[PDB]
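Q:
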Amino acid sequence: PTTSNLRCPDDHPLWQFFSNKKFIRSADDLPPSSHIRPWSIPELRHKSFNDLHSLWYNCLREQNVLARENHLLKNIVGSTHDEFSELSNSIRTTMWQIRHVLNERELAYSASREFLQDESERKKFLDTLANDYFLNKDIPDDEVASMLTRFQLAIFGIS
Amino acid sequence: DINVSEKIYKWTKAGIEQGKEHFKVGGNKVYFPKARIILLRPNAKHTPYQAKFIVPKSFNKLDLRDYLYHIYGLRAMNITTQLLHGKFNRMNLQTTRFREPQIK
Amino acid sequence: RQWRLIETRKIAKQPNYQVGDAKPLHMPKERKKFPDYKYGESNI
Amino acid sequence: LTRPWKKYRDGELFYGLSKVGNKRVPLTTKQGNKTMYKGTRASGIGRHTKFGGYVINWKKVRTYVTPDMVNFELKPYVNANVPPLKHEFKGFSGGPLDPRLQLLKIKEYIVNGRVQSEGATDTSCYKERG
Amino acid sequence: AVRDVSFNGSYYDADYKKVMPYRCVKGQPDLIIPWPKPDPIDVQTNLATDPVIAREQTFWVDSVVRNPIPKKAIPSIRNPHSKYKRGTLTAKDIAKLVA
RNA sequence: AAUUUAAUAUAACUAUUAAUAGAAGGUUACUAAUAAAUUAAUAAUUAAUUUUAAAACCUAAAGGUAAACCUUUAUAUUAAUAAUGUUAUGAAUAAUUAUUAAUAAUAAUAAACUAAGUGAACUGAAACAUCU
Ligand SMILES: [Mg+2]
Ligand SMILES: [Mg+2]
Ligand SMILES: [Mg+2]
Ligand SMILES: [Mg+2]
Ligand SMILES: [Mg+2]
Ligand SMILES: [Mg+2]
Ligand SMILES: [Mg+2]
Ligand SMILES: [Mg+2]
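Residue numbers (the numbering used here), protein chains in the order written: chain A, 6 to 164; chain B, 57 to 160; chain C, 242 to 285; chain D, 3 to 132; chain E, 27 to 125.
1. With 16 other CB atoms within 10 Å as the buried threshold, where does A/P47 fall?
2. Which residue from B/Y123, B/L118, B/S114, B/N148 puts its Cα closest to that of B/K160?
3. For B/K90, which option in A/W44, A/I41, A/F89, A/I103 has the closest C-alpha, if you only look at C-alpha atoms?
4. Are the beta-carbon atoms of B/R146 and B/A132 separated by less than 7 Å?
5. Measure the CB-CB distance between E/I95 and A/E111 and report whether it falls below 7 Å.
6. How long is the line joining the alpha carbons of A/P36 and E/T71, rounded to whole angstroms?
7. Could you spell out where the beta strand (DSSP E) holding E/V51 opens and where it closes?
8. Does any residue of chain C have a CB that is nearer than 7 Å to the CB of E/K109?
9. Do the region 97–112 of chain E and the region 150–158 of chain B make contact, defined as three or more Cβ pairs closer than 8 Å?
10. Applying a beta-carbon distance threshold of less than 7 Å, which residues of chain D neighbour E/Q83?
11. Is E/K98 close to chain B, meaning its C-beta is less than 7 Å from at least one C-beta of that chain?
12. For A/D56, count the other beta carbons within 10 Å of its own beta carbon; 16 or more makes it buried, fewer makes it exposed. Which is it?
13. In whole angstroms, what is the alpha-carbon distance linking E/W86 and E/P62?
14. Flag E/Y48 as yes if its beta-carbon sits less than 7 Å from any beta-carbon of chain D, otherwise no.
15. As a quick exercise: from D/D12, D/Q104, D/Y79, pick the residue whose alpha carbon is nearest that of A/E91.
16. Strictly by DSSP, which residues pair up with B/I110?
17. Quick one: what does DSSP say D/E130 is sitting in, helix, strand or coil?
18. So what does DSSP say about A/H58, is it helix, strand or coil?
19. Please confirm if the region 54–70 of chain D is in contact with the region 9–18 of chain A, defined as three or more CB-CB distances below 8 Å between the two stretches.
20. Which one of A/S45, A/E124, A/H40, A/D146 has the shortest CA to CA distance from E/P66?
21. For chain D, check one thing: does any of its Cβ atoms lie closer than 7 Å to the Cβ of A/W44?
22. Do A/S59 and D/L76 count as a contact pair if the criterion is CB distance below 7 Å?
23. Answer yes or no: do E/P77 and D/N73 have a C-beta to C-beta separation smaller than 7 Å?
24. According to the neighbour-count rule (16 or more other Cβ atoms, all chains shown, within 10 Å of its Cβ), is B/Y125 buried or exposed?
25. To be precise: take each residue of the region 80–93 of chain B, compare its Cβ to all Cβ atoms of chain E, and keep it if any distance is under 8 Å. Which residues remain?
26. Can you give me the Cβ contacts of D/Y111 inside the same chain, cut-off strictly under 6 Å, excluding the 5 residues immediately before and after it?
27. Nearest CA to the CA of A/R97: which residue from A/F161, A/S164, A/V82, A/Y62?
28. Tell me which residues of the region 19–33 of chain D have at least one Cβ-Cβ distance to chain E shorter than 8 Å, keeping chain order.
29. Counting pairs of Cβ atoms below 8 Å between the region 146–161 of chain A and the region 82–99 of chain B, do you hit three or more?
30. Could you tell me which chain B residues have their CB closer than 9 Å to the CB of A/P18, listed as they occur along the chain?
31. Shorter than 7 Å from the beta carbon of B/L140 to some beta carbon of chain A?
32. So what does DSSP say about A/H105, is it helix, strand or coil?
33. Using a Cβ-Cβ cutoff of 7 Å, what residues of the region 69–99 of chain A are near chain B? List them in chain order.
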């Protein structure tokens with residue numbers, strides 16, 4: 006059987022397991038450790054759920070590429086360079102930081118709800134929010150509408 | 057009127073034609089999976105239309121199909137499982153012997 | 242006479258629980274139905 | 003001659019290094035009578051049938067959900083030039099899980115309406131409040 | 027040359043983009059030996075996020091009624107069947123236990 | 001500005017004396033990770049006092065087994081914004097719902113010391129049975 010009979014697409018989804026369609030990356034092709042750093046918890050604290058989700062899957066795809074390269078390295082040539090391994094470890098660090106952030110975000114939301122279940126704190130919070138900006142001495146006129154829209158969207162389910 | 061195998065075949069055809077999954081998606085959603093799969097070099101017994109992976113031991117055939125489709129867009133038409141054995145080894149004769157990992 | 246084989250019986254002291262204390266690891270399946278005998282069941 | 007490089011009896015076995023060893027190691031899929039089935043925690047999907055088959059319960063099958071519009075810009079790593087951001091929570095004993103902190107954040111959201119944080123606007127900021 | 031060197035405090039070095047100690051000659055506190063100048067930096071790899079995109083904020087706390095994280099995504103964030111966390115007691119439980 | 005003696009380590013046990021106190025292992029893998037707060041100290045490191053996040057499977061007793069397996073729908077459900085494909089001629093849908101309230105869970109459970117039940121025989125008596 007001859008391979009001349011095949012039209013292999015250059016955009017075949019199996020190329021996503023390689024970087025720049027390279028069988029195995031060289032030290033020059035790998036990202037130098039000096040210029041690279043894993044994500045920080047505070048930087049992931051203010052990334053939307055979509056952003057964290059997409060970053061998770063990008064991390065997983067890169068880890069898959071590194072995994073195949075590392076398997077070829079440690080199974081066939083049996084070298085002890087351990088570069089792909091630490092690079093994937095950095096990615097894994099970012100991943101568990103993301104997991105931590107998501108958990109803490111949900112727990113903080115739940116704690117806020119439980120705090121505002123209490124009638125006393127709810128009354129205090131609404132009274133302060135009404136006295137501070139709402140019912141001002143006629144200084145703000147138009148932006149009060151934006152404040153009210155945000156209020157009805159946040160404290161209640163009004164869209 | 058139509059055999060269930062024929063019905064499955066039309067299901068897969070309809071999935072491909074409409075661009076959706078060529079299979080039935082499950083209800084146990086997993087937003088953040090940390091499973092990793094390893095592409096492997098072809099063997100003499102495979103054809104250019106086949107690809108083999110090293111996958112988690114607790115992984116599943118449907119799991120591989122869904123993972124490939126949603127994460128990479130690769131549609132696996134037929135998946136087949138090969139679970140390997142673990143041979144005994146000992147780094148030295150003066151150590152407890154233990155079986156090597158079983159790779160899937 | 243005195244009751245040696247009854248007096249020398251000991252039973253583990255279950256802790257007192259307030260309405261907001263931590264749950265015990267395992268829970269009885271059914272509600273308790275009699276008071277507690279100071280000496281418990283004989284074991285001999 | 004099993005191995006052409008050993009013409010005389012010296013103690014080497016037909017195969018392997020030792021004929022004996024520990025037998026109290028855990029079992030696996032390849033060992034046991036035909037009746038033995040250990041499994042790999044890979045199928046709790048459906049119900050066996052009274053005859054021998056197996057019916058898949060699709061509400062228990064795992065589906066890997068991915069963003070509808072994926073952002074192909076958050077790379078796995080971050081530019082080393084940006085210093086690691088740090089956070090300071092002064093006035094809150096509960097830290098990031100503090101309802102008072104969340105209420106302050108909601109207050110400022112109400113007043114300002116999705117305003118960028120100092121650490122976000124400045125790539126050269128080492129730490130920020132909240 | 028310097029015989030010995032001491033460290034009496036810490037400070038954030040912006041050139042190193044990190045916290046470093048005050049390297050000072052053992053003896054006079056004022057005389058401080060500066061840290062070496064880092065080699066100039068320049069990145070080209072595509073696996074590193076740009077600074078602006080990396081630090082751009084896209085999440086704000088804007089609701090107390092709707093969860094920012096979907097219900098079906100929680101199991102991937104925390105184990106629901108965890109043996110390392112337990113609840114408290116109620117009047118029903120304490121009545122069940124006390125004789 | 002060196003060089004040797006005598007003590008001292010996160011890195012041994014044993015005996016005594018004096019204080020203080022009554023604290024996980026295994027298997028292999030979708031590896032089992034954290035985050036902050038406080039006052040007094042020339043954006044801050046004293047440490048030490050409070051808070052926290054995660055943590056797969058097995059170690060008799062949610063059920064079963066041939067330990068790390070399997071089987072039980074805590075992604076399991078009344079209520080809701082609309083419905084595809086149909087509802088024995090304005091609502092009720094086997095792939096389901098941004099959702100909201102209610103309802104079953106997790107035995108890691110040491111040793112030594114103490115109290116109690118039943119309790120030998122070897123042996124000694126230069127034999128042996130009372131006795132020991
Ligand atoms: Mg098979
Ligand atoms: Mg033999
Ligand atoms: Mg056999
Ligand atoms: Mg059990
Ligand atoms: Mg059986
Ligand atoms: Mg006794
Ligand atoms: Mg005698
Ligand atoms: Mg005799």
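Here a beta-carbon is modelled for each residue, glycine too, at the ideal position from N, C-alpha and C.
A: Walking through what the data contain:
1. Your numbering for residue 47 of chain A matches position 42 in the first sequence. Its Cβ being crowded by 16 or more others within 10 Å, A/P47 is buried.
2. Taking the first residue of the second sequence as position 1, residue 160 of chain B is located at position 104. When only C-alpha atoms are compared, the closest one is B/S114.
3. Position 34 of the second sequence, counting from 1, holds the residue named residue 90 of chain B. The residue with the shortest Cα to Cα distance from B/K90 is A/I103.
4. Sequence index remark: in the second sequence, residue 146 of chain B carries index 90 (1-based). Sequence index remark: in the second sequence, residue 132 of chain B carries index 76 (1-based). The Cβ atoms of B/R146 and B/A132 do not sit closer than 7 Å to each other.
5. One-based indexing of the fifth sequence puts residue 95 of chain E at position 69. One-based indexing of the first sequence puts residue 111 of chain A at position 106. Their beta carbons are under 7 Å apart, which means E/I95 touches A/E111 by this criterion.
6. Position 31 of the first sequence, counted from the first residue, corresponds to residue 36 of chain A. Position 45 of the fifth sequence, counted from the first residue, corresponds to residue 71 of chain E. Their backbone Cα atoms lie some 6 Å apart in a straight line.
7. Numbered from 1 along the fifth sequence, position 25 holds the residue referred to as residue 51 of chain E. Going by DSSP, E/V51 is part of the beta strand (DSSP E) stretching over 44–51.
8. For the purposes of this step, residue 109 of chain E is identified with residue 83 of the fifth sequence, where counting begins at 1. No, its Cβ sits nowhere closer than 7 Å to a Cβ of chain C.
9. No, the region 97–112 of chain E is not in contact with the region 150–158 of chain B.
10. Locating residue 83 of chain E in the fifth sequence gives position 57, counting from the first residue. Per Cβ cutoff of 7 Å: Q118, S119, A122.
11. One-based indexing of the fifth sequence puts residue 98 of chain E at position 72. With 7 Å as the cut-off, E/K98 counts as an interface residue toward chain B.
12. In the first sequence, the residue the question calls residue 56 of chain A occupies position 51. A/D56 should be labelled buried.
13. Position 60 of the fifth sequence, counted from the start, is the residue given in the question as residue 86 of chain E. Position 36 of the fifth sequence, counted from the start, is the residue given in the question as residue 62 of chain E. The alpha-carbon separation between E/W86 and E/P62 amounts to approximately 41 Å.
14. By 1-based counting over the fifth sequence, the position of residue 48 of chain E is 22. Not one chain D Cβ lies under 7 Å of E/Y48.
15. Reading the first sequence from its first residue, position 86 is the one you call residue 91 of chain A. Comparing C-alpha distances from A/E91 to each of D/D12, D/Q104, D/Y79 shows the shortest one belongs to D/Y79.
16. In the second sequence, counting from the first residue as 1, residue 110 of chain B sits at position 54. DSSP, once it has assigned bridges, lists B/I94 as partnering B/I110.
17. Start at 1 with the first residue of the fourth sequence, and residue 130 of chain D comes out as number 128. In the three-state scheme derived from DSSP, where H, G and I count as helix and E and B as strand, D/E130 is classed as strand.
18. Within the first sequence, numbered from 1, the residue matching residue 58 of chain A stands at position 53. Note: A/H58 maps to helix in three-state DSSP.
19. Judged by Cβ distances under 8 Å, the region 54–70 of chain D makes no contact with the region 9–18 of chain A, as fewer than three pairs qualify.
20. Position 40 of the fifth sequence, counted from the start, is the residue given in the question as residue 66 of chain E. Per the Cα distances, A/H40.
21. Reading the first sequence from its first residue, position 39 is the one you call residue 44 of chain A. For A/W44, the answer is yes, since a Cβ of chain D falls inside 7 Å of its Cβ.
22. Within the fourth sequence, residue 76 of chain D is the residue found at index 74, counting from 1. Within the first sequence, residue 59 of chain A is the residue found at index 54, counting from 1. For the pair D/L76 and A/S59, the CB atoms are nearer than the 7 Å cut-off.
23. Indexing the fifth sequence from 1 puts residue 77 of chain E at position 51. Indexing the fourth sequence from 1 puts residue 73 of chain D at position 71. It is not a contact, given that the beta carbons lie outside the stated cut-off.
24. Counting from 1 along the second sequence, the entry for residue 125 of chain B is found at position 69. Buried, since its Cβ has 16 or more Cβ neighbours within 10 Å.
25. The residues in question are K85, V86, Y87, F88, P89.
26. Taking the first residue of the fourth sequence as 1, we reach residue 111 of chain D at position 109. Within the same chain, no Cβ atom closer than 6 Å to the Cβ of D/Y111 is found once the five residues on either side in sequence are excluded.
27. By one-based count along the first sequence, residue 97 of chain A stands at place 92. Closest by alpha carbon: A/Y62.
28. The region 19–33 of chain D vs chain E, Cβ under 8 Å: nothing.
29. Counting Cβ pairs under 8 Å, fewer than three are found: no touch.
30. Here residue 18 of chain A corresponds to residue number 13 of the first sequence, with the count starting at 1. Going along chain B in sequence order, the residues near A/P18 (Cβ under 9 Å) are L124, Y128, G129, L130, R131.
31. Counting from one through the second sequence, the residue named residue 140 of chain B turns up at place 84. No, B/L140 does not count as interfacial toward chain A.
32. Residue 105 of chain A sits at position 100 when you count from the first residue of the first sequence. In the structure shown, A/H105 sits in a helix (DSSP, three-state: H, G or I).
33. Residues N69, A72, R73, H76.
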